[PDB]
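Undergrad: Handing over input_26.txt, compact mmCIF, C-alpha atoms.
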```
# COMPACT_ATOMS: atom_id res chain seq x y z
CA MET A 1 0.00 0.00 0.00
CA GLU A 2 3.20 2.09 0.24
CA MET A 3 3.93 4.75 2.87
CA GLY A 4 4.88 7.12 0.09
CA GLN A 5 1.29 7.02 -1.11
CA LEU A 6 0.13 7.43 2.46
CA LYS A 7 2.39 10.49 2.77
CA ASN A 8 0.97 11.77 -0.51
CA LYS A 9 -2.53 11.59 0.93
CA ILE A 10 -1.26 13.34 4.05
CA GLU A 11 0.22 16.08 1.87
CA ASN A 12 -3.03 16.44 -0.01
CA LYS A 13 -5.22 16.50 3.09
CA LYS A 14 -2.89 18.88 4.89
CA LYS A 15 -2.94 21.12 1.78
CA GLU A 16 -6.77 20.89 1.65
CA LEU A 17 -6.68 22.10 5.24
CA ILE A 18 -4.18 24.86 4.56
CA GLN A 19 -6.63 26.12 1.94
CA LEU A 20 -9.35 26.19 4.60
CA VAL A 21 -7.22 28.05 7.18
CA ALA A 22 -6.09 30.32 4.32
CA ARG A 23 -9.61 31.16 3.06
CA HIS A 24 -10.50 31.97 6.68
CA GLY A 25 -8.52 35.16 6.26
CA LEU A 26 -4.83 34.53 5.92
CA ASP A 27 -2.63 36.38 3.66
CA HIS A 28 -0.01 34.52 1.68
CA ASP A 29 2.70 35.20 4.25
CA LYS A 30 0.43 33.71 6.89
CA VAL A 31 -0.32 30.72 4.71
CA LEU A 32 3.44 30.23 4.10
CA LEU A 33 4.21 30.48 7.79
CA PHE A 34 1.33 28.22 8.75
CA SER A 35 2.02 25.58 6.13
CA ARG A 36 5.73 25.35 6.98
CA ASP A 37 5.14 25.26 10.75
CA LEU A 38 2.38 22.72 10.21
CA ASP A 39 4.71 20.70 8.04
CA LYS A 40 7.37 20.57 10.77
CA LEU A 41 4.86 19.40 13.35
CA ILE A 42 3.90 16.68 10.99
CA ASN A 43 7.51 15.76 10.24
CA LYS A 44 8.12 15.66 14.00
CA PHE A 45 5.55 12.95 14.43
CA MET A 46 6.10 11.34 11.05
CA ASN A 47 9.83 10.97 11.11
CA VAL A 48 12.19 13.45 12.48
CA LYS A 49 11.94 13.98 16.11
CA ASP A 50 13.91 17.20 15.99
CA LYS A 51 14.37 17.99 19.64
CA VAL A 52 17.46 20.03 19.19
CA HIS A 53 15.78 23.27 20.09
CA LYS A 54 18.09 26.19 20.53
CA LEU A 55 17.39 27.93 23.77
CA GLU A 56 18.85 31.38 23.70
CA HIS A 57 17.67 32.27 27.13
CA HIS A 58 18.37 29.54 29.55
CA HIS A 59 16.59 29.46 32.94
CA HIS A 60 16.52 33.21 33.33
CA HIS A 61 14.82 35.26 30.65
CA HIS A 62 16.98 38.25 31.36
CA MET B 1 -20.26 34.47 6.00
CA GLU B 2 -20.86 31.93 8.72
CA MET B 3 -17.48 30.90 9.99
CA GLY B 4 -18.96 28.19 12.13
CA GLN B 5 -19.49 26.07 9.06
CA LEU B 6 -16.08 27.08 7.79
CA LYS B 7 -14.55 25.97 11.10
CA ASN B 8 -16.63 22.81 10.85
CA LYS B 9 -14.78 22.12 7.61
CA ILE B 10 -11.41 23.04 9.12
CA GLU B 11 -12.02 20.65 12.01
CA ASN B 12 -13.19 17.84 9.77
CA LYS B 13 -10.30 18.28 7.31
CA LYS B 14 -7.80 18.59 10.17
CA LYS B 15 -9.10 15.35 11.60
CA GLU B 16 -9.09 13.71 8.14
CA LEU B 17 -5.40 14.53 8.08
CA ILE B 18 -4.84 13.45 11.68
CA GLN B 19 -6.37 10.07 10.91
CA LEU B 20 -3.89 9.75 8.03
CA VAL B 21 -0.85 10.85 10.08
CA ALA B 22 -2.14 8.55 12.87
CA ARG B 23 -2.51 5.43 10.71
CA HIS B 24 1.05 5.92 9.54
CA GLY B 25 2.38 4.59 12.83
CA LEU B 26 1.42 7.05 15.46
CA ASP B 27 0.27 5.53 18.66
CA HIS B 28 -2.77 6.70 20.58
CA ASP B 29 -0.79 9.19 22.66
CA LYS B 30 0.88 10.44 19.48
CA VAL B 31 -2.53 11.10 17.90
CA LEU B 32 -3.66 12.95 21.00
CA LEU B 33 -0.53 15.11 21.03
CA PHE B 34 -0.58 15.77 17.32
CA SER B 35 -4.27 16.65 17.21
CA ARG B 36 -4.17 19.07 20.15
CA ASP B 37 -0.95 20.78 19.10
CA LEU B 38 -2.21 21.02 15.51
CA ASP B 39 -5.50 22.53 16.71
CA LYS B 40 -3.54 25.07 18.66
CA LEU B 41 -1.42 25.96 15.64
CA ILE B 42 -4.50 26.54 13.54
CA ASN B 43 -6.20 28.72 16.21
CA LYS B 44 -2.92 30.66 16.39
CA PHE B 45 -3.02 31.61 12.75
CA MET B 46 -6.79 32.00 12.62
CA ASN B 47 -6.35 34.38 15.58
CA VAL B 48 -9.56 32.78 16.65
CA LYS B 49 -8.53 31.43 19.89
CA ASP B 50 -11.94 32.34 21.19
CA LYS B 51 -12.97 35.79 22.37
CA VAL B 52 -11.07 35.37 25.57
CA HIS B 53 -7.49 34.63 26.49
CA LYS B 54 -7.74 31.87 29.01
CA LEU B 55 -4.86 31.41 31.34
CA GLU B 56 -4.10 27.76 31.27
CA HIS B 57 -0.43 27.18 31.99
CA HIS B 58 2.26 29.70 30.95
CA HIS B 59 -0.30 31.68 29.10
CA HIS B 60 -2.49 29.26 27.29
CA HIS B 61 -2.02 25.50 26.91
CA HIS B 62 -3.66 22.73 25.03
```
How does this structure look as structure tokens?
TA:
Amino acid sequence: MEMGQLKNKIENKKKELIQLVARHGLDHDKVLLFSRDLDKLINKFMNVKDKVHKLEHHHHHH
Amino acid sequence: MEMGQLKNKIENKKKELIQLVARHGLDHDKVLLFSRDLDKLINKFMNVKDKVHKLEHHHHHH
């Protein structure tokens, strides 16, 4: 059944959704930001568990 | 004009996607995490995070 096809359906459905969030009232920059952030969240769960988050402020904010 | 029906579509589509990301290998806890954090991301960009700003944890939390 191929996970590549599964991923393709994910892409499609995610994109169908992006269109919905977009038509809500997002401008293209918002759509770009949303879609890419959305994509990383998906990739996080789908494959890459990118936990290497750079913390600039550590413990104390100032 | 009704954004309730629009949101109804967003929710449904979001969940259509979630069910696809989920069936890929995500466990039950994974689905729960993904769905709630995805919801949050959408609300963020929609700016529709309800007409209040509920303190939940640091600021909000879902």
Undergrad: One number please: CA of residue 2 (chain B) to CA of residue 36 (chain A), in Å, one decimal.
TA: 27.4 Å
Undergrad: With a distance threshold of 6 Å and counting all atoms listed in the file, extract the residues of chain A near chain B and express them as a VMD selection string.
TA: chain A and resid 10 13 to 14 17 20
Undergrad: Report the Cα RMSD between chain B and chain A after least-squares superposition, pairing every C-alpha atom in order.
TA: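 The superposed chains show a C-alpha RMSD of 5.9 Å.
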Undergrad: Between CA of residue 5 (chain A) and CA of residue 32 (chain A), what is the distance in Å, rounded to a tenth?
TA: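 CA of residue 32 (chain A) lies at a distance of 23.9 Å from CA of residue 5 (chain A).
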Undergrad: Centre and edge lengths of an axis-aligned box around all listed atoms of region 51-55 of chain A, with 5 Å added on each side, are to be given in Å to one decimal, as lines of an AutoDock Vina configuration file.
TA:
```
center_x = 16.2
center_y = 23.0
center_z = 21.5
size_x = 13.7
size_y = 19.9
size_z = 14.6
```
Undergrad: Could you tell me how far CA of residue 50 (chain B) sits from CA of residue 53 (chain A), in Å to one decimal place?
TA: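 CA of residue 53 (chain A) sits 29.2 Å away from CA of residue 50 (chain B).
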Undergrad: I need the residue nearest residue 4 (chain B) from this list: B:29, B:54, B:61, B:48. Use all atoms listed in the file for the distance.
TA: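 Between B:29, B:54, B:61, B:48, the residue approaching residue 4 (chain B) most closely is B:48.
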Undergrad: For region 7-42 of chain B, supply N, CA and C atoms and format the output as an mmCIF file, keeping the file's coordinate frame.
TA:
```cif
data_model
loop_
_atom_site.group_PDB
_atom_site.id
_atom_site.type_symbol
_atom_site.label_atom_id
_atom_site.label_comp_id
_atom_site.auth_asym_id
_atom_site.auth_seq_id
_atom_site.Cartn_x
_atom_site.Cartn_y
_atom_site.Cartn_z
ATOM 1 N N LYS B 7 -15.301 26.637 10.044
ATOM 2 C CA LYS B 7 -14.550 25.970 11.100
ATOM 3 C C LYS B 7 -14.889 24.501 11.154
ATOM 4 N N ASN B 8 -16.141 24.191 10.896
ATOM 5 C CA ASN B 8 -16.630 22.810 10.850
ATOM 6 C C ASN B 8 -15.869 22.029 9.771
ATOM 7 N N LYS B 9 -15.555 22.707 8.680
ATOM 8 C CA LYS B 9 -14.780 22.120 7.610
ATOM 9 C C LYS B 9 -13.327 21.991 8.008
ATOM 10 N N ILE B 10 -12.789 23.041 8.629
ATOM 11 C CA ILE B 10 -11.410 23.040 9.120
ATOM 12 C C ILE B 10 -11.184 21.874 10.067
ATOM 13 N N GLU B 11 -12.083 21.732 11.034
ATOM 14 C CA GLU B 11 -12.020 20.650 12.010
ATOM 15 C C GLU B 11 -12.037 19.304 11.334
ATOM 16 N N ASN B 12 -13.005 19.109 10.467
ATOM 17 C CA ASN B 12 -13.190 17.840 9.770
ATOM 18 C C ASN B 12 -11.944 17.504 8.951
ATOM 19 N N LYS B 13 -11.455 18.475 8.186
ATOM 20 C CA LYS B 13 -10.300 18.280 7.310
ATOM 21 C C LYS B 13 -9.039 17.992 8.135
ATOM 22 N N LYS B 14 -8.890 18.738 9.216
ATOM 23 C CA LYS B 14 -7.800 18.590 10.170
ATOM 24 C C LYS B 14 -7.771 17.155 10.672
ATOM 25 N N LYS B 15 -8.929 16.682 11.064
ATOM 26 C CA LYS B 15 -9.100 15.350 11.600
ATOM 27 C C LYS B 15 -8.926 14.283 10.521
ATOM 28 N N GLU B 16 -9.320 14.605 9.278
ATOM 29 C CA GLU B 16 -9.090 13.710 8.140
ATOM 30 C C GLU B 16 -7.590 13.479 7.992
ATOM 31 N N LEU B 17 -6.841 14.562 8.142
ATOM 32 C CA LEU B 17 -5.400 14.530 8.080
ATOM 33 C C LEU B 17 -4.836 13.757 9.244
ATOM 34 N N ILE B 18 -5.300 14.091 10.447
ATOM 35 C CA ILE B 18 -4.840 13.450 11.680
ATOM 36 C C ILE B 18 -4.975 11.946 11.575
ATOM 37 N N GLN B 19 -6.118 11.488 11.092
ATOM 38 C CA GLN B 19 -6.370 10.070 10.910
ATOM 39 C C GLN B 19 -5.375 9.425 9.925
ATOM 40 N N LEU B 20 -4.877 10.216 8.990
ATOM 41 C CA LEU B 20 -3.890 9.750 8.030
ATOM 42 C C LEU B 20 -2.497 9.708 8.675
ATOM 43 N N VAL B 21 -2.117 10.792 9.360
ATOM 44 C CA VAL B 21 -0.850 10.850 10.080
ATOM 45 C C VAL B 21 -0.813 9.745 11.180
ATOM 46 N N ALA B 22 -1.957 9.538 11.810
ATOM 47 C CA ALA B 22 -2.140 8.550 12.870
ATOM 48 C C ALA B 22 -1.925 7.131 12.374
ATOM 49 N N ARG B 23 -2.567 6.791 11.257
ATOM 50 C CA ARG B 23 -2.510 5.430 10.710
ATOM 51 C C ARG B 23 -1.125 5.085 10.185
ATOM 52 N N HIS B 24 -0.304 6.095 10.020
ATOM 53 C CA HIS B 24 1.050 5.920 9.540
ATOM 54 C C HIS B 24 1.929 5.177 10.570
ATOM 55 N N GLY B 25 1.573 5.252 11.832
ATOM 56 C CA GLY B 25 2.380 4.590 12.830
ATOM 57 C C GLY B 25 2.245 5.193 14.185
ATOM 58 N N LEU B 26 1.677 6.379 14.240
ATOM 59 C CA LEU B 26 1.420 7.050 15.460
ATOM 60 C C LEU B 26 0.576 6.230 16.395
ATOM 61 N N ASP B 27 0.985 6.228 17.618
ATOM 62 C CA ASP B 27 0.270 5.530 18.660
ATOM 63 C C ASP B 27 -0.814 6.436 19.176
ATOM 64 N N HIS B 28 -1.619 5.948 20.081
ATOM 65 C CA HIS B 28 -2.770 6.700 20.580
ATOM 66 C C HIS B 28 -2.369 8.019 21.224
ATOM 67 N N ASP B 29 -1.294 7.996 21.990
ATOM 68 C CA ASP B 29 -0.790 9.190 22.660
ATOM 69 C C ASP B 29 -0.272 10.189 21.638
ATOM 70 N N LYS B 30 0.358 9.655 20.596
ATOM 71 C CA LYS B 30 0.880 10.440 19.480
ATOM 72 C C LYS B 30 -0.250 11.199 18.786
ATOM 73 N N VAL B 31 -1.368 10.508 18.557
ATOM 74 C CA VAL B 31 -2.530 11.100 17.900
ATOM 75 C C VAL B 31 -3.080 12.220 18.751
ATOM 76 N N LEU B 32 -3.160 11.971 20.050
ATOM 77 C CA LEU B 32 -3.660 12.950 21.000
ATOM 78 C C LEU B 32 -2.798 14.201 20.989
ATOM 79 N N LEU B 33 -1.489 14.004 21.045
ATOM 80 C CA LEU B 33 -0.530 15.110 21.030
ATOM 81 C C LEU B 33 -0.614 15.884 19.736
ATOM 82 N N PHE B 34 -0.552 15.165 18.634
ATOM 83 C CA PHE B 34 -0.580 15.770 17.320
ATOM 84 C C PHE B 34 -1.856 16.572 17.102
ATOM 85 N N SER B 35 -2.999 15.994 17.441
ATOM 86 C CA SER B 35 -4.270 16.650 17.210
ATOM 87 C C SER B 35 -4.415 17.950 18.015
ATOM 88 N N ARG B 36 -4.022 17.916 19.277
ATOM 89 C CA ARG B 36 -4.170 19.070 20.150
ATOM 90 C C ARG B 36 -3.179 20.178 19.787
ATOM 91 N N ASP B 37 -1.981 19.796 19.392
ATOM 92 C CA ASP B 37 -0.950 20.780 19.100
ATOM 93 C C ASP B 37 -1.200 21.385 17.715
ATOM 94 N N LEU B 38 -1.788 20.583 16.839
ATOM 95 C CA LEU B 38 -2.210 21.020 15.510
ATOM 96 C C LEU B 38 -3.357 22.015 15.627
ATOM 97 N N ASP B 39 -4.333 21.680 16.459
ATOM 98 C CA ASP B 39 -5.500 22.530 16.710
ATOM 99 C C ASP B 39 -5.046 23.923 17.131
ATOM 100 N N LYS B 40 -4.167 23.926 18.095
ATOM 101 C CA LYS B 40 -3.540 25.070 18.660
ATOM 102 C C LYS B 40 -2.857 25.935 17.602
ATOM 103 N N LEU B 41 -2.142 25.286 16.699
ATOM 104 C CA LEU B 41 -1.420 25.960 15.640
ATOM 105 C C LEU B 41 -2.389 26.652 14.687
ATOM 106 N N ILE B 42 -3.486 25.988 14.412
ATOM 107 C CA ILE B 42 -4.500 26.540 13.540
ATOM 108 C C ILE B 42 -5.117 27.772 14.178
#
```
